[PDB]
Amino acid sequence: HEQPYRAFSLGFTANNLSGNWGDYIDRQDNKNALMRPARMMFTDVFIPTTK
Amino acid sequence: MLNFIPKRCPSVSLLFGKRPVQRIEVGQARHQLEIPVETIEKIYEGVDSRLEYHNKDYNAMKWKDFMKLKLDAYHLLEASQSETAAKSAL
Amino acid sequence: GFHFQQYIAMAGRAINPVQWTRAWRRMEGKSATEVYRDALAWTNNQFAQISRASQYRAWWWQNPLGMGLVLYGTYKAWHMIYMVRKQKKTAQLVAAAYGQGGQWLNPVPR
Amino acid sequence: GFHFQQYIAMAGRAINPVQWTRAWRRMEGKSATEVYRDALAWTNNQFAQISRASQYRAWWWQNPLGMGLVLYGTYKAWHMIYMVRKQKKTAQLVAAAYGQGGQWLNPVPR
Amino acid sequence: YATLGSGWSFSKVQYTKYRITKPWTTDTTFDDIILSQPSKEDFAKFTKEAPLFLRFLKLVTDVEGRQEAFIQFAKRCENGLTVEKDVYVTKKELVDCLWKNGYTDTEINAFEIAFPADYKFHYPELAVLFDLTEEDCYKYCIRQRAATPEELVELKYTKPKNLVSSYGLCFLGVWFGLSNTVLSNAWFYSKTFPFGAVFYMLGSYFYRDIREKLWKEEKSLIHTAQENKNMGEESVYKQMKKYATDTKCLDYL
Ligand SMILES: CCCCCCCCCCCCCCCCCC(=O)OC[C@H](COP(=O)([O-])OCC(O)COP(=O)([O-])OC[C@@H](COC(=O)CCCCCCCCCCCCCCCCC)OC(=O)CCCCCCCCCCCCCCCCC)OC(=O)CCCCCCCCCCCCCCCCC
Ligand SMILES: CCCCCCCCCCCCCCCCCC(=O)OC[C@H](COP(=O)([O-])OCC(O)COP(=O)([O-])OC[C@@H](COC(=O)CCCCCCCCCCCCCCCCC)OC(=O)CCCCCCCCCCCCCCCCC)OC(=O)CCCCCCCCCCCCCCCCC
Ligand SMILES: CCCCCCCCCCCCCCCCCC(=O)OC[C@H](COP(=O)([O-])OCC(O)COP(=O)([O-])OC[C@@H](COC(=O)CCCCCCCCCCCCCCCCC)OC(=O)CCCCCCCCCCCCCCCCC)OC(=O)CCCCCCCCCCCCCCCCC
Ligand SMILES: CCCCCCCCCCCCCCCCCC(=O)OC[C@H](COP(=O)([O-])OCC(O)COP(=O)([O-])OC[C@@H](COC(=O)CCCCCCCCCCCCCCCCC)OC(=O)CCCCCCCCCCCCCCCCC)OC(=O)CCCCCCCCCCCCCCCCC
Ligand SMILES: CCCCCCCCCCCCO[C@@H]1O[C@H](CO)[C@@H](O[C@H]2O[C@H](CO)[C@@H](O)[C@H](O)[C@H]2O)[C@H](O)[C@H]1O
């Protein structure tokens, strides 16, 4: 009753349960290994790196 | 029948009262019937001008008169359907 | 649906500043009720044109789904033009404030 | 241009294997000259239909640029479907063999 | 807009993949009257030949007793009558109006023998022939043309408008709408294209079955209404015919 809750998002279009973004310090990729090379395909907008 | 009386203005019903007679086709066989324009004009005394429908070309009668008309029609029809009907309307 | 080109032209005239002065002059001796009624009447005229002419006429875009496809296309255009643009801006904002994905971070552990 | 849907359907039938057996049976007692003449005649029939019917008839896609826009669209579709795909493959190949931009590197200095 | 017309025919249309084509004209353009909402100046004008109508007009005026109108109209109309092209009433419609409004069989037969079957009367002709106002005749012609709006009307050609601003706005639209990964999304390929393509294929394959299954009830209702109307009218007519001979009692008495 003193520990805090994680945000909840669920719908036919999007959710926040298929992944975990981590904490503010210890972050992690929300997408799993098989679809990380195709992250672009899971976005409405994508701004690439500068290299 | 509906309570839709055509406006007798020439922009709607061209040549309404230019002659003293009206004509209509009746039924599937389209029998001809002629009616005096005065008998017709008797309707536009009960017509109400506040109401206008169907592109503002048809007014509506007052319910009293319209239902009297419907009742006369219904009486004639049920007399036609019946066999003990009076041989005269006197 | 119909008159999309006319709608684009209306938007163009609206953004043109000279038309702002023209409208300022036209608004002399005019009421908000009159303006609202005129706009509502214009919209009703459009929808009534559709309802009447769909019974006998077919546009160049007619398809086995009818006006449903044109309406979906209008919606999708609105989406990609406005909502995805706002999403891009919000994404850059979140990435500058918290880092990418900062709005979905878990609460600080206790 | 015309009959794009029929062309898609022809491609589908061509890829269907059962049609391969059907064509194998149809090729009994047939010559390469006959096959070539039939294909050439089909293409000529398409282009002749266009030349004749453009004089009096207008398709749903008619526009102030006419069939030029449909032909440009065919070209652009071919480009994006085939050539850009080949470019993607070549890009990955070059990036695995030399690194990104490896085909534009300057010669080794002397 | 209201559905004008005196017809009980339940009519639906099927579309083709070809557009409507009209003869080339450098000054006119064909459009739908209800979608254009044209005005008298937007309508296109042309010259019509008088004599065939002026003869009948002279006859009618000599019968009615107004020759000043004929003289004025003829001096106005010489070298052809310049009038709006697609504002007219057909001979059949005019004959129906005359008959239902009580013009004699002699006059109707005169009309029939005088004018061809495909003749088209315009509002100035109607006004000068029936001693009415050209405004009212114009409105009547417009209503009768809207009753048959499948036929396109001929307007004056006008160049497009606001092309530069429209180009600017369309560039803005593409610049903001295609700078994204929407048309390459997993959502696109998994939901938008499959669902849309399946709907399109089902609609193309059952286009007519659906329409018929929907229109069955409306067709039945229209049939029922027409049958009821006919039977009631016939019954009332025959009963009034039966009772038509109840007035001679007085003149017998
Ligand atoms: C510990 C245990 C815990 C266990 C778990 C416990 C769980 C918690 C407790 C639960 C307790 C139970 C509570 C109940 C459950 C809660 C459910 C809930 O709250 O929802 C949350 C959840 C959302 O919450 P969320 O956190 O916000 O999620 C992220 C967002 O949703 C993300 O948004 P987005 O980015 O994905 O965008 C979505 C977009 C989606 O927008 C659209 O989909 C619209 C697309 C329209 C395209 C065509 C439009 C054409 C119209 C043209 C108009 C004229 C031209 C005008 C031009 C401008 C307009 C285009 O926007 C909208 O959603 C708009 C919605 C508002 C409008 C609704 C319209 C309803 C109309 C209905 C029509 C009915 C017709 C009946 C006819 C029958 C047939 C005869 O619900 C959802 O799943 C969202 C999607 C809902 C689906 C709506 C789809 C409507 C589509 C209507 C189409 C009509 C067309 C008909 C055609 C057929 C006839 C031809
Ligand atoms: C790029 C596409 C992707 C867009 C972003 C992704 C969005 C996805 C969602 C899609 C949602 C669609 C919205 C559906 C709602 C309904 C829209 C509708 O039906 O009315 C539209 C509207 C038609 O208005 P309307 O109310 O039906 O009245 C028709 C008039 O009476 C005139 O009567 P008419 O008989 O003379 O002609 C009727 C109609 C005829 O429309 C047709 O039937 C199409 C004719 C060709 C058949 C093949 C079409 C596809 C391939 C060729 C066209 C490529 C462009 C893609 C066009 C997509 C629409 C089909 O006219 C047109 O619509 C002309 C459209 C073609 C304009 C070509 C401009 C070329 C500049 C761009 C460079 C070339 C393309 C680059 C590659 C793009 C590849 C994606 O079309 C307009 O855009 C009006 C333009 C006004 C002048 C603006 C100044 C010039 C700027 C030119 C661009 C105009 C914006 C178009 C952007 C696309 C080109 C970048
Ligand atoms: C995604 C677009 C971007 C593409 C990639 C970028 C490429 C850029 C370069 C563009 C180059 C264009 C090529 C020009 C060459 C000429 C092509 C041509 O004129 O003939 C095309 C051809 C018409 O053949 P036709 O020889 O003229 O004979 C017509 C028939 O007699 C039938 O006669 P009818 O009177 O019944 O109908 C005539 C015509 C009527 O066409 C129209 O007038 C259009 C009607 C609506 C007006 C507004 C159009 C734009 C907004 C709504 C449509 C969104 C899709 C974009 C369509 C672009 C083309 C206008 O029919 C159609 O063409 C149907 C096209 C609409 C199919 C909708 C399928 C929905 C699935 C996708 C999900 C929804 C869209 C997602 C968002 C996409 C946003 C970009 O159209 C076809 O695709 C045939 C489909 C055959 C069935 C295939 C199985 C179903 C699969 C559905 C997809 C079919 C492929 C379309 C891909 C686009 C949707 C993903
Ligand atoms: C808070 C921080 C932010 C604050 C800053 C805000 C910044 C705002 C900037 C101002 C612009 C606002 C957005 C609207 C833009 C105009 C769009 C437009 O109307 O175009 C459609 C316009 C109309 O053509 P259409 O739509 O196809 O058909 C309609 C007919 O044309 C028929 O059209 P019409 O009859 O309706 O009018 C015709 C008019 C069309 O000419 C125009 O394009 C109108 C441009 C007027 C701009 C005025 C800006 C006012 C705000 C800034 C204040 C500056 C002080 C000057 C004050 C004005 C007194 C001189 O003129 C002509 O076509 C030639 C005849 C000349 C007759 C006299 C015209 C002047 C009238 C007297 C001034 C009226 C002032 C009204 C009071 C405003 C009170 C708010 O055609 C054009 O596209 C013209 C060319 C587009 C203009 C740009 C040319 C390329 C140069 C690009 C700039 C360089 C790139 C940027 C880099 C800059 C680095 C520094
Ligand atoms: C209320 C329940 C009903 C509504 C269901 C709502 C949507 C369900 C979410 C998608 C289910 C599949 O989700 C899929 O499996 C798990 C989800 O944690 C994720 O998998 C990831 O997290 C799990 C942790 O358990 C790891 O073991 C795994 O190595 C990692 O890849 C995937 O990234 C996701 O793609």
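Residue numbering restarts at 1 for every chain, and letters A, B, ... go by the order of the sequence lines. What's counted below: heavy atoms across the whole structure, side chains too, no hydrogens, waters or symmetry copies.
With respect to E:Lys156 and E:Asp42, no salt bridge is recorded, no charged nitrogen being found less than 4.0 Å from a carboxylate O.
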Hey, can you pull the donor-acceptor pairs under 3.5 Å for the side chains in residues 196-213 of chain E, sequence neighbours left out?
| from | atom 1 | to | atom 2 | distance (Å) |
| --- | --- | --- | --- | --- |
| E:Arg208 | NH2 | E:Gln14 | OE1 | 2.6 |
| E:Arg211 | NH1 | E:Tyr207 | O | 3.4 |

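For residues 77-106 of chain D, the set of pairs meeting the salt bridge (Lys or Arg N to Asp or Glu O under 4.0 Å) definition, not counting sequence neighbours, is empty. Legend: ring pair (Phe, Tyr, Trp, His ring centres under 6.0 Å) pairs involving residues 43-65 of chain C, not counting sequence neighbours, sorted by first then second residue: C:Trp59-C:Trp61.
Contact record, C:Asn63 with E:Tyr15: C-OH, 3.2 Å, taken as the closest heavy-atom pair.
Side chain of D:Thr21 to main chain of D:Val18: a donor-acceptor pair is present (N/O by atom type, distance under 3.5 Å, no hydrogens or angles). For E:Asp86 (side chain) and E:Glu154 (main-chain N/O), a donor-acceptor pair under 3.5 Å exists by modelled atom type.
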Evaluate the salt bridge (charged side-chain N to carboxylate O under 4.0 Å, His left out) criterion for residues E:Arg145 and E:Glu151: first the C-alpha distance (whole Å), next the side-chain angles of each, then the deciding distance (0.1 Å), finally the verdict. CA-CA 8 Å; E:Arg145 290 307 97 210; E:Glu151 317 312 85; over 6 Å; no
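In this model, no donor atom of one side chain and acceptor atom of the other lie less than 3.5 Å apart for A:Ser9 and A:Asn15. Between the side chains of E:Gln37 and E:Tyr1, at least one donor N or O sits under 3.5 Å from an acceptor N or O. Between the side chains of C:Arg52 and C:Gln55, at least one donor N or O sits under 3.5 Å from an acceptor N or O. A:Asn20 and C:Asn106 are linked by a side-chain donor-acceptor pair at a separation below 3.5 angstrom, with hydrogens and angles left out of the test. Defined by atom type and a distance below 3.5 Å, a donor-acceptor pair is present between the side-chain atoms of C:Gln46 and C:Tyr7. Side-chain contact annotation: C:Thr33 with C:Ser31, donor-acceptor N/O pair under 3.5 Å present.
With E:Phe10 as the aromatic partner, E:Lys219 does not meet the cation-pi criteria of under 6.0 angstrom to the ring centre and within 45 degrees of the ring axis. The side-chain tip of A:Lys31 points at the ring of A:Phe42 from less than 6.0 angstrom away and within 45° of straight on.
Below 30°, between 30° and 60°, or above 60°: for C:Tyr75 and C:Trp78 the angle between ring planes is between 30° and 60°, a tilted geometry.
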